[PDB]
Every structure is written in structure tokens, then in C-alpha cells.
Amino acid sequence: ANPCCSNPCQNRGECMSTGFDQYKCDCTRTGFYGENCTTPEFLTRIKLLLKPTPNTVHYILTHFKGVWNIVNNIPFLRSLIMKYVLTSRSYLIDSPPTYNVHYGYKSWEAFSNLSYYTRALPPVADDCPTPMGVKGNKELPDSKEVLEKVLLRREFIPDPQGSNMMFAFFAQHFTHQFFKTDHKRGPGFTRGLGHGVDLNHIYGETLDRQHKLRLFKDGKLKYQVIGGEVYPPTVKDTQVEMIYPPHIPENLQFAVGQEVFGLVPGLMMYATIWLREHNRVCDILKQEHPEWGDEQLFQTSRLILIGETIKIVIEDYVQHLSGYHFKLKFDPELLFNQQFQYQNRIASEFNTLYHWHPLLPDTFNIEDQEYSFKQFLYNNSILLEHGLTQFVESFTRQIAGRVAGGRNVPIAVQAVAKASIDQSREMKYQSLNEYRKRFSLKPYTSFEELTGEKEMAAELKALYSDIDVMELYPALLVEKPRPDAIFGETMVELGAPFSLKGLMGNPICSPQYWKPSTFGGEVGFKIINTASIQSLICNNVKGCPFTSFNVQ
């Protein structure tokens, strides 16, 4: 019915219904015109003949190690490059946001309501004939079928890039401050109203909760000592609501401030590290500022840890998963002479694409022992038994699984992966090809071009029947990996834009904030500007265990 169902408008033009059976395209600012925004303006034809493809650019970035090594030591150039990556990725995101689960037209409710995840492409109208609009059968393939045929893991497939468990758990810990689905509401609703890197997973989403985790002395977070070691305080001591199975002994119910973080020792590990880091920064600030009271110590520390997080997320985490020889840079000043919006809203599709469960192993090897999921889950006593040092050491040593390439989703979390398919559809996502087009990729012409192999492709073609109806979630996990890479094109070309906006669109990166005073002086500012995953573990973990997001 809805004449817009076929998603006729191209190149980011917007489709609007003009009567029951006709439509119109708003080609404004697209660089195109015509009934569908398919015919290019002049300058557009040139830009197109000069735009290297994602894969081309990707090759250049992962080869010529000798040349990059030289560039990386010319500030004028490194900066010039990083600036480009930042701006060119960002113009891909709508800021301020538009569209959410319930609104496929622009609307104020959509903009104002912070409870929704925003949406990079509008949902498919509720009254379209097929789930993807017009193409395909009345019903999408059985999710159980897709799961089992192309997703589930037979034999564990290690990541060729060397991603270890430090990387996998950091990914899980970090993203879980801004992916916090509100299930009381539905998928598509978030509980993280910060919509970004505000460290709510350390400090708590609400004021009431933060106060319960706080010591109110020297700006510090409450903590306990077990052995000679610092761990978070108990639910009993703080009364902060945490999610634990009823069988968990009272002294093992840790607080930390993202309620879900008790369910995996790997999460509880980072929670501890960061808690230690905060109190560490407090002792530093208190030395430079004997006149400062409890509140400002705490507030300044949180601002510093936010800095540290972004610094590390860009220069170590992203650095690693990118595979680039070019040395990425966290430098807010690169943006001070550019058009850029210091705001952000986390997109449903970012959440969806970030379900990297293939990273998980079949057992968790905390050097010495090997634990199954059942043993590992909600079992902090493991953390206490081994200590942080063993753990860092063990998790740095263990390879995580390859994400793209198909058939690597651990059976232990199959319910999750199915849910991902089901909720994708519940939220009315558009097709894989529609998202590719949305992000300046060329659409796939065959399941075989998507996977880069023959078997899974045939299996998919039997279920979906038409490449143009292939769903976004599955395609991501099944997509042909870049050469010796962990992800395919789609993952990286949707992810980077979402990721960099959430990173750089943080108030502390804005000119008013980005100055020494903001962080208690040159000494606190340095804490941000020299932060690394390595030093985070070095300053806070008992030995000074070597780490990396990289299995050496």
C-alpha cells in the first residue's frame, strides 16, 4: 500500500508519499536529482570517478608498512590523515538524529525522546506487503534455520588477526555502557540516556546509584580488600541493585555500577581495573590539589577516566581491530577547524552489528584451568582464586574467534544470536543491500559474492532466494572477511562512522572542555594524553603484566 515501501529513493534522498499510490523524492543536498535521485550533478560525477572503493583504501592502509612507518613520524601528515578519517566517516551519520523504531518520517518525538536507540535507516512501514518492503516472500526464512545452517560453530575458528580475550572482554565491557537495551520497553529502547561514552558502567546511570558506589572521601569509589587486593564493594555494603542468580554467596555479589557486570568474570575484571584506576587518579589529583574537596576530586577524576577511555579506544582497540599500519590519533584539536557536531545518539544498527559473540572461545583458559560457560558465568570466585595478574596474563595469551567468515557462533549463546535475528525483524530493519547503499558500499549481486565461498552461499540462496532480501545481521557474521582479517567490509564500513561519532562527539572533545584546567591541570591532562591499554594494566594490576589486544 504505502508507495514508499520499495525504498525507491536513492543516494540518501528521502521518500514521501504524495497520495495513496504515488511518491516523491527530496533530493536536497544529495548531489543528485531526478525522480529517484539517481542522476548525478556535475561535481558529483567527478567525486565518483575519484572515490577509491573501501577495499582499495583498505589495501593501501594494510600494506606499504615501510611507507606508513615514515608517515607515522611526520606529525603534519599523521594529523592530516587522522583529520580526514574523522571528518569523512562522520559525515555519514545524521547529527542531530532522525528516525527510530516507531518513526520512519522525521518527527519531534523521534528527536526528543532519549529512550529510543536512533536508526541509520528508517524502519519498513508496518503496512508493506513483504518484510523488506516489496522484494521476497511473505515471510523471512526460519531464524532457527539460518542460525543452524550458517551461524553456529562446528569447529572453533581463531581470528587470523590475533585478537585475544583482553580484546574481547574490553569490547564487551566498553560497549556495555551505551548498549543497554530496556527490555521492559522493547528492543529499540535504551537505558543508557547518555548515548555515548560517559562511563556510566563504572559510575552508574543515575545520581542515586552513583552516590551508593561513592566513598565521599578524596573523590574515591567504595572498595574492599580481599587478600591484599582491591575489588569492588558488596551489594550488601552498598545496597546497589545488581543482577545475580539467587544462589550467589553474599560476599561475592560485587557492585561496580553496570548491573549486568556480575555475570562474567572477564567483565568483573575490567570493572575492577577501572575502579582501581579511578581511585589512583584521585590520589594524584589530591596531591596536586590539597584544597580540593571530595566532589571536585570525584568529578575531575571521572572526566579524566573518560579521556583515558577514548584515548585507549582509538589508539589501541580500534588501532588493533583495524589492521592499519597507519598510527591512528586521539586529538580533539584535529576537529577545531572543521564542521563537526559535539553530540551523539547510539543507533540500533550499531548495537546490532556489535554483537561479536564469535569472539568467544569454547572454554575460558585462565592459565592452568579450562572453564566451560556454565563454570564461568556469574562465577566471581574464579576471579578471586586466580587474582587479576593471572587473568591478564592468561587472557592476553588466549586467541578469540574470528567474527566474519560464517559458522563461528558458540552454541552456548545460540539463543542470543537467534534473538538478534528475531529482534532485527521485530524492529523492521531494511535489507543488507539497503544498508550497504546507505553507507556508500556497492550492493551484493549474489550470496556467493557476499560469502566468497560456495557452500554457505548455496545454503543461504535456498532460504532467502534473492540477495536483495538478505538480512543485515546474518550477513555481517557470514560475510567474506578482508584478507587475514576478523571482519568483512560491511562490518567496518557501518561500524567506523557510528564508532567515531560516539567517540569524538563527546563534550570533553569540544574546544571549551579540551584544555588542562578541565582536568585539574597539566598533570591530569597528561594522564589522558599518555593513556594506553598497557599502562592501564601496568598502574593497577599487581605485577606489571604485559598486555595487548594481540596474541603474540
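So that the term is clear: the rigid core is the largest set of C-alpha atoms that superpose within 1.5 Å between two forms. We number the residues from 1 along the sequence you see.
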query: Which of 279 to 287 and 85 to 93 lies farther from this form in 6 other deposited structures of this protein, as RMS of C-alpha positions after a rigid core fit; finding: 85 to 93
query: Between the two ranges 106 to 114 and 123 to 131, the one averaging a larger CA B factor in the entry; finding: 123 to 131
query: Segment of higher mean CA temperature factor, 304 to 312 or 381 to 389; finding: 381 to 389
query: Largest Cα B-factor, entry values, listed residues 502, 31, 516, 507; finding: 31
query: Selection from 352, 95, 338, 279 [criterion: highest C-alpha temperature factor in the record]; finding: 338
query: Position of residue 70 among the chain's modelled residues by C-alpha B-factor, lowest, middle or highest third; finding: highest
query: Chain thirds of CA B-factor: placement of residue 43; finding: highest
query: Residue 472 - Cα temperature factor, lowest/middle/highest third of chain; finding: middle
query: Modelled-residue ranking by C-alpha temperature factor, third containing residue 497; finding: middle
query: Third of chain Cα B-factors occupied by residue 256; finding: highest
